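Q:
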Amino acid sequence: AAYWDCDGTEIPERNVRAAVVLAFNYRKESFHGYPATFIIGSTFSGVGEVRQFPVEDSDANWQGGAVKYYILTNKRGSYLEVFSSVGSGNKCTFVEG
């Protein structure tokens with residue numbers, strides 16, 4: 001199975017896919033503070049509405065507390081990236099299989 005490598009920790013692909021659909025399920029900042037929204041006129045304007053929603057490295061979906069990893073996505077995931085809440089090395093790498 002594919003996965004994302006976040007600074008030496010595997011984020012399961014199914015968790016990222018779950019975060020895409022959860023991100024667009026909730027009103028802005030209403031599910032334990034998330035999702036963040038980036039609407040028309042924002043730095044994401046050209047890709048359509050983008051949302052930020054946290055993701056776990058474990059067999060669970062996020063629902064409160066510290067945010068260590070997160071996704072950015074548009075509704076269809078035609079834009080989809082995964083990040084860790086660190087500095088320089090924040091972007092996670094997609095690994098096929």
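Using the deposited numbering, the letters of the sequence shown map in sequence onto residues 1 to 95, 98 to 99. From the three backbone atoms N, C-alpha and C, an ideal C-beta is built for every residue, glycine too.
(1) Beta carbon of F44, beta carbon of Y79: below 9 angstroms?
(2) Check this for me: beta carbons of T9 and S84, under 9 angstroms apart or not?
(3) Does DSSP classify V21 as helix, strand or coil?
(4) Which whole-angstrom value describes the C-beta separation of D59 and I11, a residue pair presumed to lie in contact below a C-beta threshold of 8 angstroms?
(5) From the DSSP output, which residues share a beta bridge with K91?
(6) Quick one, which of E81, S42, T93 has its alpha-carbon nearest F53's?
A: Taking the definition as stated:
(1) yes
(2) yes
(3) helix
(4) Going by Cβ atoms, the distance from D59 to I11 rounds to 12 angstroms, so no, they are not a contact pair.
(5) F83
(6) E81
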